[PDB]
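K.L.:
The structure under discussion is supplied below as structure tokens; questions concerning it will follow.
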2 protein chains.
Amino acid sequence: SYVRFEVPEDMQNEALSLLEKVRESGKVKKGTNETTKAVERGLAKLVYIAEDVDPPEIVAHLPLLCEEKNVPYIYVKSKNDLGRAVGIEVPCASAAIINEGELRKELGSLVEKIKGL
Amino acid sequence: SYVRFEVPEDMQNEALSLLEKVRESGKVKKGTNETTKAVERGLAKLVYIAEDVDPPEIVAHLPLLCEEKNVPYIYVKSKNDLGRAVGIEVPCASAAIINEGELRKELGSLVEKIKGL
RNA sequence: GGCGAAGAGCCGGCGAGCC
RNA sequence: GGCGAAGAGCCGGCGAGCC
């Protein structure tokens, strides 16, 4: 499996709520192709990788590229929750915040919390 | 009809035979999408348009585009004859010789006779 | 009701392969 | 054999639309 570490549920809820609100005033990429290219292009501020993705090879490359580019990434239980948070009626294996909009502080606190684990 | 002039049957046979041999030492584009783009790009020396194409709007733009680009064009009865001559296993609505290989004079003479119509 | 971020369809490049 | 130059599939691009 591609999941490198365990994320507390309340921090996950914080992450998806943040993603929901960011879609309103920022820019988010949704889907593994858009997310990976956004990371590769140097644009991603925070990427989300679902934990129930099968086969794992859809997203298994995503964590290492994110490590090489020093871009924080977080895990969420279900592709359904991530799909709901980006608001595209279907499950979603990975996503990314590209522009934090007006949610400077909330994003900053969240990313400090990911690096702290 | 999108057929701008009448092409004698014997000129059709000469044209398809020459095209047949040209695939071997020259270069031919096959299908309307490739041919139209190649003429528009200015590389095509001579294009073939089947007369039994349906619906006609598939190839109806080619004659005038070829005129705009000053490219000589000839008509052949059936997309079947053109498809066999360009050597595919399905019908073909239009084609083009872009580089004459070893047939410089033959292509030139053919084009003069086409202008003669 | 169906399909769809496990990528919709559309575009550029190649231009005969896929089951 | 079915589909296929009326564009097969591969690559790049946009990134939610098509039945």
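By order of appearance in the structure tokens: chains A, B, ..., then residues from 1 within every chain, and ligands from 1 in the order shown.
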Tell me the residues of chain A close to chain C, meaning within 10 Å using only C-alpha atoms (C1' of nucleotides), as a PyMOL selection string.

P.N.:
chain A and resi 29-35+53-55+58-59+83+86+88-95

K.L.:
Quick one: DSSP strand (DSSP E or B) residues in chain B, as a tab-separated table (two decimals) with N, CA, C and O atoms, in the first residue's frame?

P.N.:
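The file below, result-v2.tsv, is the result:
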chain	number	residue	atom	x	y	z
B	27	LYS	N	5.33	10.15	-50.60
B	27	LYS	CA	4.62	10.09	-49.34
B	27	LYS	C	3.20	10.58	-49.61
B	27	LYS	O	2.99	11.61	-50.28
B	28	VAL	N	2.23	9.87	-49.03
B	28	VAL	CA	0.82	10.10	-49.27
B	28	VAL	C	0.18	10.24	-47.90
B	28	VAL	O	0.50	9.50	-46.97
B	29	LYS	N	-0.73	11.20	-47.81
B	29	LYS	CA	-1.58	11.38	-46.65
B	29	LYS	C	-2.92	10.75	-47.01
B	29	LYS	O	-3.40	10.90	-48.14
B	30	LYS	N	-3.54	10.08	-46.03
B	30	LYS	CA	-4.74	9.30	-46.30
B	30	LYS	C	-5.78	9.59	-45.23
B	30	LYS	O	-5.53	9.38	-44.04
B	46	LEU	N	-0.88	17.23	-54.72
B	46	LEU	CA	-2.13	16.92	-55.43
B	46	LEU	C	-3.05	16.09	-54.54
B	46	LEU	O	-2.63	15.06	-54.00
B	47	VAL	N	-4.31	16.53	-54.41
B	47	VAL	CA	-5.34	15.83	-53.62
B	47	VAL	C	-6.41	15.14	-54.47
B	47	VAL	O	-6.76	15.57	-55.57
B	48	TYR	N	-6.92	14.04	-53.90
B	48	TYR	CA	-7.93	13.18	-54.50
B	48	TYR	C	-9.20	13.30	-53.67
B	48	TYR	O	-9.14	13.22	-52.44
B	49	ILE	N	-10.35	13.47	-54.34
B	49	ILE	CA	-11.65	13.58	-53.67
B	49	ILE	C	-12.61	12.58	-54.30
B	49	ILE	O	-12.91	12.66	-55.50
B	50	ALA	N	-13.11	11.64	-53.49
B	50	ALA	CA	-14.10	10.69	-54.00
B	50	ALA	C	-15.41	11.39	-54.33
B	50	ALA	O	-15.79	12.37	-53.70
B	73	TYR	N	-6.46	19.72	-57.60
B	73	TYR	CA	-7.22	18.57	-57.11
B	73	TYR	C	-7.97	17.86	-58.23
B	73	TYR	O	-8.38	18.46	-59.22
B	74	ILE	N	-8.15	16.55	-58.05
B	74	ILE	CA	-8.84	15.69	-59.00
B	74	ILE	C	-9.88	14.83	-58.27
B	74	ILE	O	-9.73	14.51	-57.09
B	75	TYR	N	-10.94	14.48	-59.00
B	75	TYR	CA	-12.04	13.62	-58.53
B	75	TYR	C	-11.90	12.19	-59.06
B	75	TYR	O	-11.44	11.98	-60.19
B	76	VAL	N	-12.28	11.22	-58.22
B	76	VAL	CA	-12.34	9.80	-58.58
B	76	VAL	C	-13.71	9.27	-58.16
B	76	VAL	O	-14.28	9.74	-57.17
B	94	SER	N	-10.76	11.10	-49.18
B	94	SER	CA	-9.84	12.00	-49.86
B	94	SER	C	-8.41	11.63	-49.46
B	94	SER	O	-8.17	11.04	-48.40
B	95	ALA	N	-7.46	12.00	-50.32
B	95	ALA	CA	-6.06	11.67	-50.07
B	95	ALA	C	-5.18	12.73	-50.71
B	95	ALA	O	-5.68	13.67	-51.34
B	96	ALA	N	-3.86	12.60	-50.54
B	96	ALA	CA	-2.99	13.57	-51.19
B	96	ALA	C	-1.58	13.03	-51.37
B	96	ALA	O	-1.07	12.33	-50.49
B	97	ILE	N	-0.98	13.34	-52.51
B	97	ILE	CA	0.45	13.17	-52.70
B	97	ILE	C	1.08	14.48	-52.23
B	97	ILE	O	0.73	15.56	-52.75
B	98	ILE	N	1.98	14.39	-51.26
B	98	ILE	CA	2.65	15.60	-50.77
B	98	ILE	C	4.08	15.65	-51.32
B	98	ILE	O	4.63	16.74	-51.53
B	99	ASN	N	4.71	14.49	-51.52
B	99	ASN	CA	6.07	14.42	-52.06
B	99	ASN	C	6.00	13.30	-53.08
B	99	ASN	O	5.46	12.22	-52.81

K.L.:
Can you pull out every residue within 7 Å of residue 101 of chain A, counting only C-alpha atoms (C1' of nucleotides), but drop anything in the same chain fewer than 2 positions away, and send it as a short mmCIF file (atom, residue, chain, number, x, y, z; two decimals) with N, CA, C and O atoms, in the first residue's frame?

P.N.:
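Writing the result to around_6.cif gives the following:
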data_model
loop_
_atom_site.label_atom_id
_atom_site.label_comp_id
_atom_site.auth_asym_id
_atom_site.auth_seq_id
_atom_site.Cartn_x
_atom_site.Cartn_y
_atom_site.Cartn_z
N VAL A 22 -12.37 26.27 0.41
CA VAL A 22 -11.41 26.78 -0.57
C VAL A 22 -11.97 26.76 -1.99
O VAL A 22 -11.73 27.68 -2.77
N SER A 25 -13.45 30.20 -2.88
CA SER A 25 -12.71 31.42 -3.18
C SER A 25 -11.30 31.19 -3.72
O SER A 25 -10.59 32.16 -3.97
N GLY A 26 -10.89 29.94 -3.90
CA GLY A 26 -9.55 29.63 -4.35
C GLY A 26 -9.61 28.79 -5.61
O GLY A 26 -10.60 28.86 -6.35
N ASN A 99 -4.61 27.37 -4.99
CA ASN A 99 -4.65 28.74 -4.51
C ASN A 99 -5.52 28.79 -3.28
O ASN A 99 -6.68 28.37 -3.33
N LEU A 103 -8.10 32.04 2.64
CA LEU A 103 -7.98 31.10 3.75
C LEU A 103 -6.51 30.87 4.06
O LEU A 103 -6.06 29.75 4.32
N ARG A 104 -5.78 31.98 4.00
CA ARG A 104 -4.37 32.03 4.39
C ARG A 104 -4.13 31.28 5.69
O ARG A 104 -3.41 30.27 5.73
#

K.L.:
In Å, rounded to a single decimal, give me how far atom CA of residue 9 of chain B is from atom CA of residue 106 of chain B.

P.N.:
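Between atom CA of residue 106 of chain B and atom CA of residue 9 of chain B the gap works out to 17.8 Å.
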